[PDB]
Chemist: 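Before I ask anything, here is the structure I am working with.
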Amino acid sequence: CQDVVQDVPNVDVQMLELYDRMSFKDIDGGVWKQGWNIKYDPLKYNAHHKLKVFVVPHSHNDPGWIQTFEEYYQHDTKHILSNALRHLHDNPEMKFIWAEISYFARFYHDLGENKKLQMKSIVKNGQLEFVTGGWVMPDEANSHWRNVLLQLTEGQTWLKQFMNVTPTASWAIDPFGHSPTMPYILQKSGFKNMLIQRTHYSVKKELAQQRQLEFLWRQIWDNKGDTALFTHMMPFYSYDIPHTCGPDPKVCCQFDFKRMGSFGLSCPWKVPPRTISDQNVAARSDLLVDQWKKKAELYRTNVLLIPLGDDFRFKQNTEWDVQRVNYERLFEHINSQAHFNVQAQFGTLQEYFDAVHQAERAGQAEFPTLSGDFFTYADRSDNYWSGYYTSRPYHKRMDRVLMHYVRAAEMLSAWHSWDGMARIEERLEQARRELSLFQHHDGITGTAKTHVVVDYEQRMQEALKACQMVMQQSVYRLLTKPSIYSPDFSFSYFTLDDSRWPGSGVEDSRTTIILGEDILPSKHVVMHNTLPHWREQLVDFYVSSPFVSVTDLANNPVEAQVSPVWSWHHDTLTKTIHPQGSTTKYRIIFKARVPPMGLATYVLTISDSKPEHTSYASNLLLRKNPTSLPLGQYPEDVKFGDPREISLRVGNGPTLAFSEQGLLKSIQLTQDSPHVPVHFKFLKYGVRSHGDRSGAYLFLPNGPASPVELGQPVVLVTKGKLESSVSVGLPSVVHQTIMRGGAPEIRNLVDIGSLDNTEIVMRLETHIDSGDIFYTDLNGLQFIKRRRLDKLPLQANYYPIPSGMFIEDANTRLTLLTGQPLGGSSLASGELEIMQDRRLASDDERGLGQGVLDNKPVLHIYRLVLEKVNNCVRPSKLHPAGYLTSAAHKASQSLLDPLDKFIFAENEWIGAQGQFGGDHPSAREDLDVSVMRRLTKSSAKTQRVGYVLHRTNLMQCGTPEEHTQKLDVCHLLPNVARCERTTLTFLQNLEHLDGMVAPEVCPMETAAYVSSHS
Ligand SMILES: *[C@@H]1O[C@H](CO)[C@@H](O)[C@H](O)[C@H]1NC(C)=O
Ligand SMILES: N[C@H]1S[C@H](CO)[C@@H](O)[C@H](O)[C@@H]1O
Ligand SMILES: [Zn+2]
């Protein structure tokens, strides 16, 4: 195993170092506005050294953006694919690349058999080539690596099954900024090459000057380079035709033959394309070849890539003809005129890369190595695309919830083979596809029109219901005596109970367990733990009486706490935000202990009076002018008082102090330690009154944030033996700090209501001497070092916070983990901040054609971990990565993959069992079974189950952390007959494993294994 902490990789380009050195001046470079006037030596190419030019036709098809997926499919994409089939079939030399498999699969299944055969033929023969092959071209900022893998696998599995092809070249021309998580997953999925486009215009200029636009992109901690993937970065402002033939768009636009008038398109530069004829072909070729040779100067080989396409292009037959015929005339002339020393032709993406590597092997070029990322993107001036790190936060949070439900549903149902009548595969396929579709760069990014966001939400809602059905049928089968088990596959044996989605104050969706002497004395509940290690976690349920006690299935009492059910109301009469308590529903909370990848059953029983093992929380409402708050049978009366500072401590955990406005002000780790200043504050950013306006994509603040005026907010303090909390009704946010004995959990119910042109930010102020350094994660996979640059505007210093961020000095670190991707930064030493929601009245000129005014209440969740790190073995000052501690990693897992809770629906569960998985190996804490998926239907004689294993890297800080078992996924199911290591998509076998044992992986590595069972 490579050491990912102590050896700083030596690479030719390290992006953080490059950023420290670059000046980012935005000067007018001439026709290439963000570059310079390229010059070339006409004698560079000659008869023995020609410039090979590959013109690659393409069509960017967004799976939803300004129309829904189905609307685009009906209006445009089905015509594009139908005409691509006809045109490629009839013109053997024409080529075309396709990226979005969600659309291709939709099209293909609707084709008649004769056309399906013609389509397979033009793919088999190389005319139509799939690039990447994912369900979509995903966002790379907000997406979790697990979902990037899910969608890649969804599209590639379909391609292998129906087209018999697996792409090894990736095409990502539109995500807004690029992440090294992509080459990481692709290189472990059989890929050999990738292409990217949206990178800061200053980065394009810098790399073009050094001919470093093609590089071997390795991970920031990779000393040896085994994770390296050849990458091609396009050089210009857009992938459209005007910005892909060369540096001068006024000239390139003349070679987009769809722009002469009849198609309703024209050239902004005021010079239109002209049909190629024998009389103008030499002058036209003169111009085009000169653009090509200038573009070729930016690269190292004599093989040149010229994409030819734009959004939803190649729709009409007439368009296919106008582009193909004109380009064929240009190729015939150019290739026959020796003085140009060029051989041009239509080609595919793979053809381009194969030729580039042939040149490389002939010793024609050596490529630089590079590590780092390409955030935050700016396409021009100060227009940094950091707004979409937060836009439509409700769906960004929904993404993480569905991410977990898909994993749990696939894992719970993988243990058994299911009759087709159970519709398990059917429901899982729908769930994977709707979550995969949302990974699109206009989905999770929050950059689609309102009705499209609604479509993605509805799709995700159906996917969550599909996951619930599969999960509850699985639980019933796993915990019922086999000879008693009698399933109705349409019946709901259990209802899922999720205390954080949609969340209290977002949707009253949770069911109350109704108990009563005259109706039902007890209820079974079951918890699932998808993580491969024993786990304890407090769980809560709503119940109809405060007199309830908990037992496990051996009837051992389990300590529990009952608290009221508090709901906050923006009182339109008193103009205050205050909580109301239920007089008929209560919350029962207790510690569940669940086996690795297992289940544990408990029973809640009512009694006529206070149970021996259940305690009741006290409640204190702080506000002037209080009114009574009755709580039905709840045994402790609510107490009142004027606002005042508060201090709380649960168990032996930290002691937290709060201001009289209910916000954290300090954390004391142990009884004797200092009360470390850690203050939460809410602020607001506005929009510029002159100049460019912020919108769904762009964050263009009118200066640093201003504090939100708090007034005299109502603060609710609930103190219990197992859980305490301080909640406060702030304008636009009910902020809650929850304590259960470790790092607190923070929940924000964010309702920006009608506050136009406002972005609400949550900031932490500490005295940690972090200076200009902070860390944020990339796709929940790795933490990368960031350096605040005052030479760049505020919005350029915002980065994606897909799952966590932290600041530290020599002794202290503060880490904020998230349950949803949002944008954030550290704008001053000792600070961390993360945007909660943004409501923007204006469109930001990127094509969406609307502002963001469809905000809805969202419950954002976090864990806040303050720790001493002076004893931790950290990377050196020059290392570009950072790593979490064990506590911070477990806190992240508590947010993204909590225990799942199931409530038995009927009155009696006959044949119920108390536990499942007690014999599953409890793996080391840094190892996770990211995916467990049965790959075969029940009719397969040989069953196959796939596993994706990921080991993160946690800092060594002096904790002995011992006793754990080796996890061999190939022996999790009985009767194993074969164990193979495969690509991460499970599509290719890489290694036949000895003894059918799957070796665990190294820190920061991810491997996939498939076990076969007889
Ligand atoms: C599928 O994969 C390769 C294509 O080159 C070939 O060996 C095989 O015969 C192809 N035919 C199938 C399985 O449809
Ligand atoms: N070409 C881009 S423009 C818009 C960005 O400006 C993007 O969000 C869409 O996904 C399109 O496909
Ligand atoms: Zn797009």
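When a ligand or atom number is given, it counts from 1 through the structure's own listing order. Heads up: numbering here begins at 1 and tracks the sequence.
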Chemist: Could you tell me the separation between the CG atom of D843 and the OG atom of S694, rounded to the nearest 0.5 Å?
Modeler: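 Going from the CG atom of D843 to the OG atom of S694 covers 11.5 Å.
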
Chemist: Out of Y388, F176, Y389, which residue meets the ring pair (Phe, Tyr, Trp, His ring centres under 6.0 Å) rule with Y697?
Modeler: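 Checked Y388, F176, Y389 against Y697; only one passes ring pair (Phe, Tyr, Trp, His ring centres under 6.0 Å): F176.
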
Chemist: What protein N/O/S atoms sit under 2.8 Å from the Zn ion (ligand 3), by chain and number?
Modeler: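 As for protein N, O or S atoms lying under 2.8 Å from the Zn ion (ligand 3), they are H60 NE2, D62 OD1, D174 OD2, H441 NE2.
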
Chemist: Identify whether NZ of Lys or CZ of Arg in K205 sits under 6.0 Å from the centre of the six-membered ring of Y201 and within 45° of that ring's axis.
Modeler: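 Checked: cation-pi criterion not met.
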
Chemist: How far is atom 6 (C) of ligand 1 from its nearest protein heavy atom, and which residue and atom name does that atom have?
Modeler: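 Of every protein heavy atom, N164 ND2, 4.2 Å lies nearest to atom 6 (C) of ligand 1.
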
Chemist: Indicate the ring-plane relationship of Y327 and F346, choosing parallel, tilted or perpendicular according to the 30° and 60° boundaries.
Modeler: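 Ring orientation, 0 to 90° scale: tilted.
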
Chemist: Between ligand 1 and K124, is the shortest N or O to N or O distance under 3.5 Å?
Modeler: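 In this structure, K124 places no N or O atom under 3.5 Å from an N or O of ligand 1.
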
Chemist: I need the single residue from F104, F162, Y73 that forms a ring pair (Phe, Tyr, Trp, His ring centres under 6.0 Å) with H109. Which is it?
Modeler: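 Option passing the ring pair (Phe, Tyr, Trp, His ring centres under 6.0 Å) with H109: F162.
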
Chemist: In plain terms, say whether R392 and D854 are close enough for a salt bridge, that is, a side-chain N and a carboxylate O under 4.0 Å apart.
Modeler: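 A salt bridge links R392 with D854.
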
Chemist: Would you say atom 11 (N) of ligand 1 has a protein heavy atom nearer than 4.0 Å?
Modeler: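 Under 4.0 Å from atom 11 (N) of ligand 1, at least one protein heavy atom found.
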
Chemist: Measure the CD-OH distance between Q197 and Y377 for me, rounded to the nearest 0.5 Å.
Modeler: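 Answer for the CD-OH pair, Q197 versus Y377, is 6.0 Å.
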
Chemist: Tell me whether the count of non-hydrogen atoms from other residues, nucleotides or ligands lying under 6.0 Å of NZ in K33 goes above 12.
Modeler: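 Enclosed: over 12 neighbouring heavy atoms sit under 6.0 Å from NZ of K33.
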
Chemist: Do protein heavy atoms approach atom 2 (O) of ligand 1 to less than 4.0 Å?
Modeler: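 There is a protein heavy atom less than 4.0 Å from atom 2 (O) of ligand 1.
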
Chemist: Ignoring hydrogens and angles, state whether a donor on the side chain of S170 or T132 is under 3.5 Å from an acceptor on the partner side chain.
Modeler: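 Yes, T132 and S170 have a side-chain donor paired with an acceptor closer than 3.5 Å.
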
Chemist: Counting only heavy atoms and a distance below 4.0 Å, can you name the residues contacting ligand 2?
Modeler: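 Around ligand 2, where the cutoff is 4.0 Å for heavy atoms, the contacting residues are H60, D62, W65, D174, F176, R198, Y239, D311, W385, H441, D442, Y697, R846.
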
Chemist: Can you tell me if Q323 and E319 form a side-chain donor-acceptor pair at under 3.5 Å?
Modeler: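 No donor-acceptor contact under 3.5 Å links the two side chains.
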
Chemist: Run the ring-centre check on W65 versus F312 and record whether the distance is less than 6.0 Å.
Modeler: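 Distance test on ring centres: not under 6.0 Å, no.
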
